[PDB]
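Structural overview for review
These are the residues of each chain, in order.
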Amino acid sequence: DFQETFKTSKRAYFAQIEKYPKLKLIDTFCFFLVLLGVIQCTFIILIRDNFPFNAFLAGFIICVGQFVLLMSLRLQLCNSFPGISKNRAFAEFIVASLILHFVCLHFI
Amino acid sequence: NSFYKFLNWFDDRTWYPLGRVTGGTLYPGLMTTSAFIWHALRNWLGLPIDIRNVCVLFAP
Amino acid sequence: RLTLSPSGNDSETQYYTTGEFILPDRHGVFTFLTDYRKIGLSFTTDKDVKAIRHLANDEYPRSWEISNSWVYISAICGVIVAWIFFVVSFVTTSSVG
Amino acid sequence: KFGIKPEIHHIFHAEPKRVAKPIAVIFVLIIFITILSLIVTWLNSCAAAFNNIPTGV
Ligand SMILES: CCCCCCCCCCCCCC(=O)O[C@H](COC(=O)CCCCCCCCCC)COP(=O)(O)OCC[N+](C)(C)C
């Protein structure tokens, strides 16, 4: 069961990546936005200390929220929403990705 | 006076032997839109009115 | 509570100072009195009431000076410059070439 | 009721503990490795293939 769904999903995903040269750029950005959050929590687990807690929480929020806006751009960029073009999803990505950096520079 | 002297304001006329610290005990937003309407009527539209009349006629 | 000590004196008076002391960890209103009630001598008092503020929101050690949050500043600058190199390298490429 | 009274003082609180600086230099070094790994990996594959350059007016 899971072998068939596994190899089916690997092949049907890798063909989709090799078709469009926009998708591997998104996913290459995404994976290293996961590794930033992982080692940034590893600093907390390594030495037991919790003192500048807001400065901990700001970078972690940058990693998670910045991951999510990429996944929304990917979902909206493969299949188009009814009424929204592909020139407007990108501008909304710029504006809403540009508010979040300011409110995570005030917070540290 | 300024907006910088309001966000961190220690008043010693309430709970007297141990005064309260306001900036971490109240909700700003009802005051600062009112000071904004006062600052817009006084400097731009041309007509100066008192702060008490902006505070009374703020709900209707 | 702490005992005053002799200081430089003029022709008719005699001055006493307390050097320097560091104010308390608690904020509020404080009063500063030094009375001299002694039997045989006269009675003298003097006092006043002053207010001791908490810290402001600007007077704090910043995020440079702690050396415990260099890691997170380095985990903000990378996402900023990686983001701008993302956006410039997105409108200068092709589709299914 | 009218003699001398003993002098006292105050007892502060201990400051929060800072961590020693020869660890934070190591971790900002690791971040400076990972970001350059990201830029090298973009320029390695077909992703950053600068080919629709908008020259003209
Ligand atoms: C898509 C993004 C959209 C962002 C929308 C931003 C809209 C905010 C516009 C605010 C304009 C303020 C203009 C202004 O300066 O008026 C002031 C100050 O007036 C005030 O007290 C109210 C302003 C407080 C600003 C609150 C922080 C910013 C919140 C929005 C980012 C009058 O207050 P006063 O009490 O008279 O004095 C203030 C201090 N001075 C230095 C000026 C002396």
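It is worth spelling out the packing of helix α4 (residues 88-103) of chain A against helix α1 (residues 70-88) of chain C at this point. Viewed as axis vectors pointing N to C, α4(A) and α1(C) meet at an angle of 170°, and their least axial separation amounts to 13 Å. Between α4(A) and α1(C), the interaxial angle falls into the category roughly antiparallel. Contacts between α4(A) and α1(C) involve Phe90(A), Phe93(A), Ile94(A), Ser97(A), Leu98(A) and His101(A) from the first element and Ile80(C), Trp83(C), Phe86(C) and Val87(C) from the second. Split into classes, the residues belonging to the contact of α4(A) with α1(C) amount to eight nonpolar, two polar and no charged.

When its volume is computed, the largest pocket comes out at roughly 2,000 Å³. In terms of lining residues, the largest pocket is bounded by 35 residues, among which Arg1(C), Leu2(C), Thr3(C), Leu33(C) and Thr34(C) are the most central. Classifying every residue of the lining of the largest pocket gives 17 nonpolar, nine polar and nine charged. Each pocket or cavity is described by its volume, and for the second largest pocket that value is around 1,100 Å³. Lining the second largest pocket are 29 residues, and of these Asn54(A), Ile108(A), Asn57(C), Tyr60(C) and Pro61(C) sit closest to its centre. If you list the elements that add at least two residues to the lining of the second largest pocket, you get α3 (53-78) of chain A, α1 (4-7) of chain B together with α1 of chain C. Among the residues making up the lining of the second largest pocket, the classes are represented as 16 nonpolar, nine polar and four charged.

Below, the discussion takes up the interface of chain A and chain D. By a widely used convention, the size of an interface equals the accessible area lost when the partners come together. Taken together, the contact pairs twelve residues of chain A with twelve residues of chain D. Regarding the contact of chain A and chain D, the summed buried area is about 1,200 Å², with carbon and sulfur atoms giving 86% of it. Interface area lost by chain A to chain D is led by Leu25(A), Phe32(A) and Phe43(A), which between them contribute 33%. Between the two partners, chain A and chain D, sit zero salt bridges. At the surface where chain A touches chain D, the tally comes to zero residue pairs in polar contact. Taken together, the residues that form the side of chain A that touches chain D break down as nine nonpolar, one polar and two charged.

What follows is about the arrangement of the chains. In this structure chain A stays clear of chain B, and the shortest span between their C-alpha atoms is 16 Å. Regarding chain B and chain D, the two do not touch, and the least distance separating their C-alpha atoms is 18 Å.

Time to look at the interface of chain C and chain A. Counting residues at the interface gives 18 residues for chain C, matched by 28 residues for chain A. Both sides of the chain C and chain A interface together cover about 2,300 Å² of buried area, and 81% of this is carbon and sulfur. Scanning the region where chain C abuts chain A turns up zero salt bridges. Grouping the amino acids of the side of chain C that touches chain A by side-chain chemistry returns 13 nonpolar, five polar and no charged.

Next up on the list: the packing of aromatic side chains. The way to describe two aromatic rings as a pair is by their centre distance and the angle between their planes. Counted by the stated rule, this structure contains 14 aromatic pairs over all chains. On the basis of an interplanar angle of 70° and a centroid distance of 6.2 Å, the ring pair of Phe43(A) and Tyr72(C) is categorised as edge-to-face. Here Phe43(A), found in helix α2 (residues 23-46), pairs with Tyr72(C), found in helix α1, and the two come from separate chains. Accessibility assignment for this pair places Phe43(A) and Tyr72(C) in one class, buried. Its end group placed over the ring of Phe90(C), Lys22(A) keeps NZ or CZ at 4.8 Å from the ring centre.

Residues and elements named next belong to chain A. Enumeration according to the criterion identifies three salt bridges over all chains in this entry. Residues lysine 24 and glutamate 18 are paired through a salt bridge, measuring 3.9 Å at the closest nitrogen-oxygen approach. Since its relative accessible area comes to 59%, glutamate 18 is described here as exposed. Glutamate 92 serves as the salt-bridge partner of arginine 88, at 2.9 Å between the closest nitrogen and oxygen. Of this pair, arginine 88 and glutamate 92 both sit in helix α4, four residues apart, roughly one helical turn.

Rules used throughout
- Residues numbered from 1 in each chain as written, not as in the entry; some residues may be left out.
- Chains lettered and ligands numbered in written order.
- Part of a larger assembly, values for the part shown.
- Heavy atoms only, no water.
- Axes fitted to C-alpha atoms, helices over the stretch in contact; angles between N-to-C directions.
- Helix = DSSP H or I, 4+ residues; strand = E, 2+ residues; numbered from the N terminus.
- Parallel < 35°, antiparallel > 145°, perpendicular 65-115°, else oblique.
- Contact = heavy atoms within 4.5 Å.
- Nonpolar A, V, L, I, M, F, W, Y, C, P; charged D, E, K, R; others polar.
- 1 Å grid on protein atoms, 1.4 Å probe; cavity = no way out; pocket = protein on both sides within 12 Å on 5 of 7 lines; lining within 4 Å.
- Points joined across faces, edges and corners; volume = space filled by probe spheres on them.
- Buried area = accessible area lost by both parts, 1.4 Å probe.
- Salt bridge = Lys/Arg side-chain N within 4 Å of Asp/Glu carboxyl O.
- Polar contact = N/O pair within 3.5 Å; in protein donor to acceptor, adjacent residues only side chain to side chain.
- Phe/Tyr/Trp six-rings, centres within 6.5 Å; stacked < 30°, edge-to-face > 60°.
- Buried < 20%, exposed > 50% of the residue type's maximum accessible area, 1.4 Å probe, protein only.
- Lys NZ or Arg CZ within 6 Å of the ring centre and 35° of its normal.

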